[PDB]
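What follows is calculated from the coordinates using simple rules that are stated; it is not laboratory data. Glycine gets a Cβ as well: all are built from the backbone with ideal geometry, and neighbour counts include every protein chain shown.
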Amino acid sequence: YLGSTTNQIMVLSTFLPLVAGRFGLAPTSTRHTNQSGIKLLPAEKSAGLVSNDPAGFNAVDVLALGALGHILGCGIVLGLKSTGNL
Amino acid sequence: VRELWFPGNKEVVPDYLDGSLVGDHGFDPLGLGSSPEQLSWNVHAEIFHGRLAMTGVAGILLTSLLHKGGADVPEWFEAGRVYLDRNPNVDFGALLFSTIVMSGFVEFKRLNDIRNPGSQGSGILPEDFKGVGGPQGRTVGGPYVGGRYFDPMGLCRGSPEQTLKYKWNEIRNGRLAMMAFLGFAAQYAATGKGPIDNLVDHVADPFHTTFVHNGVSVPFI
Amino acid sequence: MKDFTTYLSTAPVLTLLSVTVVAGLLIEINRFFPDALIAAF
Amino acid sequence: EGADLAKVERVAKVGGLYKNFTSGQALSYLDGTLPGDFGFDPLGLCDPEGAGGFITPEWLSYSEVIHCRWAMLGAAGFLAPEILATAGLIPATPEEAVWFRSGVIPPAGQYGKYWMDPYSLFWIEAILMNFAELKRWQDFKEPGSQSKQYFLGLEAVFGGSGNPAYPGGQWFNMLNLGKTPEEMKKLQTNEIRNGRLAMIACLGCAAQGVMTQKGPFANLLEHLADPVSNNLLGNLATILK
Amino acid sequence: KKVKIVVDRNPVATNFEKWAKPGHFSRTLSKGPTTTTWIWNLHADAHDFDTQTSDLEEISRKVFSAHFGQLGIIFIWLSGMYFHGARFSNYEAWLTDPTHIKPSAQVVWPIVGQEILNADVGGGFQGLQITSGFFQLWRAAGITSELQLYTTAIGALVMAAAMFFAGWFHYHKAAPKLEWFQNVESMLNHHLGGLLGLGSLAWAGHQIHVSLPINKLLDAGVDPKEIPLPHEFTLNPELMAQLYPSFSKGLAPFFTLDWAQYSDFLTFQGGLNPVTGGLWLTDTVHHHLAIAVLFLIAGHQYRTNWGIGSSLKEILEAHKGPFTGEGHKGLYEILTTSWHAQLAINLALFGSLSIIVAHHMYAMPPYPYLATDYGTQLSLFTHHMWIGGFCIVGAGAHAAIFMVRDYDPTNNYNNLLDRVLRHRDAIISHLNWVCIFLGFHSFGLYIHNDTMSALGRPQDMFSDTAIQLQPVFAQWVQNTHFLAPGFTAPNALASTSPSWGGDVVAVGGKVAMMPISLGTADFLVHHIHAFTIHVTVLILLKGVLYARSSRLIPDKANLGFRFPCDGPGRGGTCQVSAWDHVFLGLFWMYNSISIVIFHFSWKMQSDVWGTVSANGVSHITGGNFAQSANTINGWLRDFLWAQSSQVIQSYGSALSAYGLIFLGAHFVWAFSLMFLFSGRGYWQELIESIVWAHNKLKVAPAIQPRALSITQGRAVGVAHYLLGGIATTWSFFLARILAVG
Ligand code: CLA
Ligand code: CLA
Ligand code: CLA
Ligand code: CLA
Ligand SMILES: CCCCCCCCCCCCCCCC(=O)OC[C@H](COP(=O)(O)OC[C@@H](O)CO)OC(=O)CCCCCCCCCCCCCCC
Ligand SMILES: CC1=C(/C=C/C(C)=C/C=C/C(C)=C/C=C/C=C(C)/C=C/C=C(C)/C=C/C2=C(C)C[C@H](O)CC2(C)C)C(C)(C)C[C@H](O)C1
Ligand SMILES: CC1=C[C@H](O)CC(C)(C)[C@H]1/C=C/C(C)=C/C=C/C(C)=C/C=C/C=C(C)/C=C/C=C(C)/C=C/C1=C(C)C[C@H](O)CC1(C)C
């Protein structure tokens, strides 16, 4: 199973939002979106979370974005599986 | 102060159970004797229960020891029916009525002792049935009735220390006898033999003859 | 205790207790002496 | 919030993957006292404001120490029967000296050769542990008692100390180890680190027992045999077989 | 800031002193009962925690502990149910032959000839015939033993003790602070994820490991005493593998995302199991797994102690548009400070949920051998309908109470509540017009049918034989649902219910579910339902809106939520409060729900329930709903005179009790009229004469007999009316369905 296309796509769909969230491409625990939902606000430190990362990707950022990555990846893998692909 | 039913935990019931009563270790977790009048009633009840259970357990033990030497004595749990069979001319109702009438005379005597502590050592009775008092600071009446008739051999007249020691012996043996009779009833329900029978069954083989192996305690085994 | 017995003397509890006692008594009487239509003495 | 920097400087001084999991709320009340205080508290359970019931900084620390001691006992007792059977020193096949096949769970196995059946052993356990634990609890509530009432002369060693988790009287600290309060703190941190490791080990042993149906030492040996195939992922097909 | 646990230690001392003195909570109730009105107000204000304390902290703590007490009562009730199933029930006998043994779980004593009530249900047993659907529930769980019911009953008793201990502990030993209760985001996170989510997931686990192999073997047909016990199925995948082969691969497909391999027990089929007449337990397994995952996802929305998450306040404040001014500004503050607002919302949603449950359980029976149990069908539907109606009226009442007590105009300026309160006359005017129009075009249609039938002009009345009124939209929706599997539901093998259309699902010679046709009579009854619902919502809405003020009585909120009147001035102001609006809404809800259950009973006995005779379905009443329900005389004759034959002729049978209550309830209802047509003054002067009679013999009480207050007279009247009506309908339904069916 390791290295197969369902593994490539799962690891890709879990890893990509982790990159997106660090470099300000995705909303995390510091940088939220305004009421329009489309523009991202600057980082606030009101959450009270500290980390050893330079940017400040906290453990909760990792949990949230990896969880969403698994949701998206499960959806994508099962959608490709359930349409004759994969 | 004194020894408690629970070392530490001085949150023993408020000082209506101070170290004054005989047998007092602060055991009233459910507050059944908080008010003084109810506490006096409970002291009477405990002493009477201890004495009656001491009598009953001694009778049960001796009758179960005789029933092991083959003597024509039934076990304690079948003595009533055995006697009624072996004496067919007696009527259950008659025996039950007589027991309630003769017990009633003395129990009305004790009742009117509790109502008025000194009132029963006069009239037909002499004056020794007036009672020596005891708990709650009363100097007359009570569960402890001295005189030459309930204390004929004078084992609490003279030497207050000796009186206290014997009072403690009575109370502790009474509590033990009450627990023992509860054990008798429970063992008879769970096994169906006599008390001495159960004891010798256990000592003969200490294992495989516990409460687990009777099939009623641990219900599934 | 004194307050517990005072609670047991309240109308809501004592009434319910007395109704239960009288009901139980009538139920026992009808269980032992059933179907009694007249005062046959 | 932005931390306090000076407060979380001490957590960075303990080193390791700590600091990565500590928060500003935790450092408001975790200042270094209590051994094993590395600031890990993501949920603020030891917060002294609004404490009560069993959620208090004292009860929580006491329970952690009690658990670490029970878990060290349990981990040593999980490993010892199996390693002694595998070494052949004791007479039990290594698939019978496994910890969960000892009669604790009758459906999972039994060792019907005890000098009493398990239920009666549990009865005597209940009585004796009721004595021990009830005395421990009433010493926790009343921090000086249990040494006043008679107990066949045992009451001499039941005075305790300040911290209920460390009574260290005449018996609980027979060898009188750690005569320096600094050395006492160092040994306390030894005890707590070993105890937390043993908590993790005991949970792991239970999970492996469900997951592989073999002994913890047998699981370790079969993992060292072929690591790639004998692991958590490899065993995912055959789990209760 | 930062959600956390806060408690006060030992706020209250556990004594018995206050039980000795009734009325301790309320200052007005204190100082003795000078009159019997004290006795009544002692109970009327027992749980009104608002009037016992103004501190929201204390109110909240009392609510928390009262909830624990309610949970303890429910656990006592469940323990009783399971214990009666274990001891005084024919459950083990009913498992073997579920089609001919009548479920029972309550035996009576011999004491006064009441032994006759012990029905010859079956299984060599005698007892009352239960209709609570517990046997079907237990079989669906996968019990198949009377030891397991005993274990469950004892566990429920232990849990009841735990609930009562928890309530005592959290009121007297560690009581939460107010800022704990106001953490609505954390409570929502835990009730979406932890409660409903993990609960659904755990139930799916149980069904997969217990309810599915056991019920598979029972449905294959096996004496239950030979089936392996549930732990045997659970602990070795060998047995499950022989039953469900995908268990031979274990959890590897799950963590590899090859979930299709679980298709043998995670099915998407719909319809009913042909052997049991219930939904496929594989379908319900898949359902519970899916919604458990969905609720775990739902429970991560709101923000707590970490940056991620949304804020309820921020979400609410951001939904404002041109037509609403400030929109939801201030809704958050009036929801996390007033308990009655939450009570109104939760009661409304809970009653609607109960009604939805009733609907979805008659149409698509979820338990094995429950569709064929016609008594269980009818009883469960009617019970949940009545529970839903009561909860809805309670929602109206507590909306009124919040509008009277917990509403301040300072924070509700030009927001949604202010906008609604600022145009209530338009809402009420238009709703009253709708009620008029629906009442006319629903009841006048029935009266036109009656008049034309009595005149001998059936070609004029509205019926299938003449002027048709056909539910085109409902029929179109039925057809669309029928055509779904394979079209708009490609992976569904069959329709969700045999009521859309298709074939007749019959089990054991009895119909489980067959297509339901909608015609002119169905049109008429649906519009009757709309009319009654609209009048009820009009009454409750008008009460809520005019709770505070009215052009007639502007200072109404100064008189309180519950006051009788405001004198005979202004022409008479009887029943002007919000409480009296709830009082009338109770009557209208009774009328509504009663018509709903009559419609269900007649339609099911006339077009669904029956027996299959190898050539067609022979329904209980024979199909007379389609032609006779068009007229009022049809309901009085072909449903109410005709179907009452089983209740009035029940003397000397096991249903004789239903013959008594049917009569007895007729008493209570009529008795209620005493309280609803009379007024307090007559009774006060009558009691004055009675008290003179007592005085003449020195037996007057020192506590004054006082006639009931006006509010209490109305409350007693409505309570008796509802009790009598509901008991009559309950006994009639039960006797009818337990003598036929
Ligand atoms: C049902 C609602 C409910 C709610 C909302 C609360 C809420 C609270 N309780 Mg409480 N409690 C409840 C029920 C509830 N309790 C019941 C029914 C009991 C009787 C058993 C208790 C007995 C109790 C005590 C003795 C104490 C509290 C305390 C507290 C407070 C601390 C919260 C905490 O840290 O818990 C944390 C929970 C844990 C650390 C471990 C939870 C493990 C338990 C056994 C639950 C697991 C069972 C699970 C739900 C079912 C899974 C089955 C399993 C086999 C897989 C908190 C405000 C503490 C307090 O005083 O406040 C400061 C306190 O000491 N509660
Ligand atoms: C490696 C685990 C470990 C460690 C480092 C400690 C460390 C400590 N314990 Mg602790 N304890 C442990 C396990 C441990 N304990 C377990 C499992 C239990 C449950 C039985 C206890 C129960 C316990 C109590 C009740 C108390 C302590 C106390 C103490 C402190 C006293 C100093 C000391 O003697 O150190 C311990 C030195 C070592 C652990 C190194 C020795 C390692 C070997 C393997 C020990 C084997 C035991 C030995 C072979 C048995 C015979 C020896 C003896 C009878 C002659 C100290 C910080 C006392 C205290 O806090 O004083 C105030 C205190 O009251 N312990
Ligand atoms: C996983 C977390 C969790 C769970 C499972 C629950 C579950 C429940 N809560 Mg609770 N709550 C939680 C978190 C949780 N809550 C948190 C974090 C808060 C703080 C805001 C609250 C605050 C809160 C309030 C104010 C109230 C509840 C209430 C309830 C009960 C709802 C009534 C009912 O009949 O439902 C269904 C019934 C059941 C599912 C039966 C299950 C019963 C078990 C024993 C639940 C016990 C689990 C307990 C919550 C975990 C800790 C206990 C431990 C410390 C001993 C329900 C049992 C209401 C209540 O009934 O009061 C008691 C109520 O008033 N909760
Ligand atoms: C979760 C549900 C719920 C909760 C918690 C509450 C809570 C509350 N309600 Mg309420 N209510 C509800 C649902 C609820 N209600 C529903 C569904 C309705 C519609 C009927 C109402 C209608 C309502 C009104 C009209 C009023 C309240 C009032 C109150 C408050 C005082 C209640 C009280 O102590 O009266 C005392 C309790 C009693 C008098 C018990 C008797 C109740 C009836 C007569 C019992 C019926 C008999 C029973 C079914 C058994 C019959 C068999 C018989 C032969 C023995 C209180 C905070 C009062 C208030 O002022 O609010 C502040 C108020 O006047 N409620
Ligand atoms: C059950 C569901 C999940 C539970 C989650 C919640 C539990 C919270 C536990 C958090 C721990 C507390 C803080 C830890 C913080 C912490 O780690 O402390 C640091 C730890 C020990 O530190 P010390 O106490 O020795 O500190 C002194 C030194 O660190 C000085 O620098 O050092 C380590 O790095 C050991 C951990 C390595 C972990 C080895 C595990 C290897 C598994 C790898 C798996 C990856 C592949 C998987 C493929 C499937
Ligand atoms: C309140 C209380 C108690 C009791 C107080 C009382 C109630 C005192 C007064 C008691 C009285 C007046 C008792 C009267 C008892 C009459 C009895 C027991 C009659 C018994 C006969 C029976 C049951 C039948 C015998 C047949 C037999 C078997 C043979 C046939 O031919 C038929 C038949 C006649 C039916 C006790 C327990 C004693 C102690 C005290 O601490 C608490
Ligand atoms: C820190 C924190 C904080 C934050 O904030 C939050 C959170 C996250 C919650 C956290 C965390 C937590 C955790 C991790 C927990 C875990 C624990 C454990 C695991 C324990 C165990 C623990 C463990 C334990 C006790 C164990 C013990 C054991 C034992 C006794 C055993 C015994 C035995 C033996 C010897 C052998 C035999 O044959 C059997 C028996 C008899 C059986």
> Under a plain spin-label model, where a point goes 7 Å from the Cα along Cα-to-Cβ, how far apart in nm are E:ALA260 and A:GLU44?
Replying inline: 4.7
> Shape of chain A from its Cα gyration tensor (a ≥ b ≥ c, root eigenvalues): rounded if a/c is under 1.5, otherwise prolate when a/b > b/c, or oblate?
Replying inline: prolate
> Under 16 Å Cα-Cα from E:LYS556, which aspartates and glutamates qualify once same-chain neighbours fewer than 8 residues away are excluded?
Replying inline: E:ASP406, E:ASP408, E:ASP566, E:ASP580
> Given a cut-off of under 8 Å on Cα pairs at least six residues apart, what relative contact order in percent is computed for chain A?
Replying inline: 37
> In the range E:84-132, what chymotrypsin sites (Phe, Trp or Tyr not before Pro) fall in a loop by DSSP, with at most 10 other Cβ atoms inside 10 Å?
Replying inline: none
> In deg cm²/dmol and to the nearest 500, what is the mean residue ellipticity at 222 nm of chain B if only DSSP H runs of at least 4 residues count, each as -39500 (n - 2.57), divided by the residue total?
Replying inline: -16500 deg cm²/dmol
> With the calculation restricted to Cα positions, what are the radius of gyration and Dmax of the range B:65-120 in angstrom?
Replying inline: 17.3, 49
>> Within the range B:59-97, list the residues whose amide N lies under 20 Å from a label point set 7 Å along Cα→Cβ of B:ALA204.
In response: B:61-77
> Where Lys and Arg each count +1 and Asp and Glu each count -1, what net charge lies around D:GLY109 among other residues with Cβ under 14 Å from its Cβ?
Replying inline: 0
> Taking amide H positions as placed 1.01 Å from N in the peptide plane, with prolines and chain starts having none, which residues 5 or more places from E:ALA105, or on another chain, fall under 5 Å of its amide H?
Replying inline: E:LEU128, E:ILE130
> Label 7 Å along Cα→Cβ of E:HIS430; the range E:310-335 residues with amide nitrogen under 20 Å?
Replying inline: E:321-328
> Where in chain D are the helices, taken as whole DSSP H runs, whose Cα atoms extend 20 angstrom or more along the long axis and whose Kyte-Doolittle mean reaches at least -0.5?
Replying inline: D:57-86, D:118-141, D:181-212
> How big is D, in µm² s⁻¹, for the range D:15-236 by Stokes-Einstein at 37 °C and 0.692 mPa s if Rh is the Kirkwood radius over C-alpha pairs?
Replying inline: 157
> What FRET efficiency do you get for D:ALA126 and E:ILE345 if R0 is 45 Å and r is their Cβ-Cβ distance, rounded to the nearest 0.05?
Replying inline: 0.35
> How far is helix B:36-66 tilted, in degrees, relative to the longest principal axis of the Cα atoms in chain B, given as a value from 0 to 90 rounded to the nearest 10?
Replying inline: 30
> Between the helical axis of B:160-190 and the dominant principal axis of chain B, each derived from Cα atoms, what acute angle in degrees is found, rounded to the nearest 10?
Replying inline: 30
> Which of the chymotrypsin sites (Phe, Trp or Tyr not before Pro) found in the range D:105-173 are in a DSSP loop and have at most 15 neighbouring Cβ atoms, other than their own, within 10 Å?
Replying inline: D:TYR111, D:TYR114, D:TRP115, D:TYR150, D:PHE151, D:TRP171, D:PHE172
> Which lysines, on any chain, are close to D:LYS185 with Cα under 18 Å apart, when same-chain ones fewer than 8 places away are left out?
Replying inline: D:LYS13
>> Within 14 Å, Cβ to Cβ, of E:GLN475, how many net charges do the neighbouring residues add up to if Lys/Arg are +1 and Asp/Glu are -1?
In response: -2
> To the nearest 500 deg cm²/dmol, what mean residue ellipticity at 222 nm is calculated for chain D from DSSP H runs of n ≥ 4 alone, each contributing -39,500 (n - 2.57), summed and divided by the residues?
Replying inline: -15000 deg cm²/dmol
> Quick one: Debye curve from the C-alpha atoms of the range E:493-639, no solvent, what's log10 I(q)/I(0) at q = 0.10, 0.20 Å⁻¹?
Replying inline: -0.56, -1.14
>> Treating only the Cα positions of the protein assembly as shown as identical point scatterers, give the base-10 log of I(q)/I(0) from the Debye formula at each q in 0.04, 0.05, 0.06, 0.08 Å⁻¹.
In response: -0.35, -0.56, -0.83, -1.52
> Expressed as a rounded percentage, what relative contact order does chain E have, with Cα pairs under 8 Å and six or more residues apart?
Replying inline: 12
>> Under the rule of at least 5 residues apart or a separate chain, name every residue whose amide H is placed under 5 Å from the amide H of E:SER310.
In response: E:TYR302, E:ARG303
>> Starting from the 7 Å offset along Cα-to-Cβ, what nm value, one decimal, do you get for the label separation of B:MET102 and B:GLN38?
In response: 3.7
>> Using a Förster radius of 25 Å, what is the FRET efficiency between A:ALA59 and D:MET184 based on their Cβ-Cβ separation? Nearest 0.05, please.
In response: 0.15
>> Let me check against my output: what whole-number percent is the relative contact order of chain B, with C-alpha pairs under 8 Å and at least 6 apart?
In response: 18
> Between the DSSP loop rule and a limit of at most 13 other Cβ atoms within 10 Å, which GluC sites (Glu not before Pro) in the range B:1-110 are left?
Replying inline: B:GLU3, B:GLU11
> Separation between the E:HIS231 and E:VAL158 pseudo-spin-labels, each 7 Å from Cα along Cα→Cβ, expressed in nm?
Replying inline: 1.3
> Got a sec to turn the phi values of the range B:88-94 into Karplus ³J(HN,Hα) couplings, 6.51 cos²θ - 1.76 cosθ + 1.60 with θ = phi - 60°, whole Hz, x for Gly and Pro?
Replying inline: x, 7, 8, 9, 3, x, 5
> Between D:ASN163 and D:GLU9, what FRET efficiency comes out of the Förster formula 1/(1 + (r/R0)^6) with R0 = 41 Å and r the beta carbon distance, rounded to 0.05?
Replying inline: 0.95
> What are the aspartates and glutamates whose alpha-carbon lies under 17 Å from the alpha-carbon of E:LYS320, with same-chain residues fewer than 8 places away excluded?
Replying inline: E:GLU333, E:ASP418
> Using Cα atoms only, what is the angle between the long axis of helix C:11-32 and the major principal axis of chain C, expressed in degrees (0 to 90) to the nearest 10?
Replying inline: 20
> Which value at 222 nm does chain E reach when only helices count, each DSSP H run of 4 or more adding -39,500 (n - 2.57), with the total divided by all residues and rounded to the nearest 500 deg cm²/dmol?
Replying inline: -17000 deg cm²/dmol
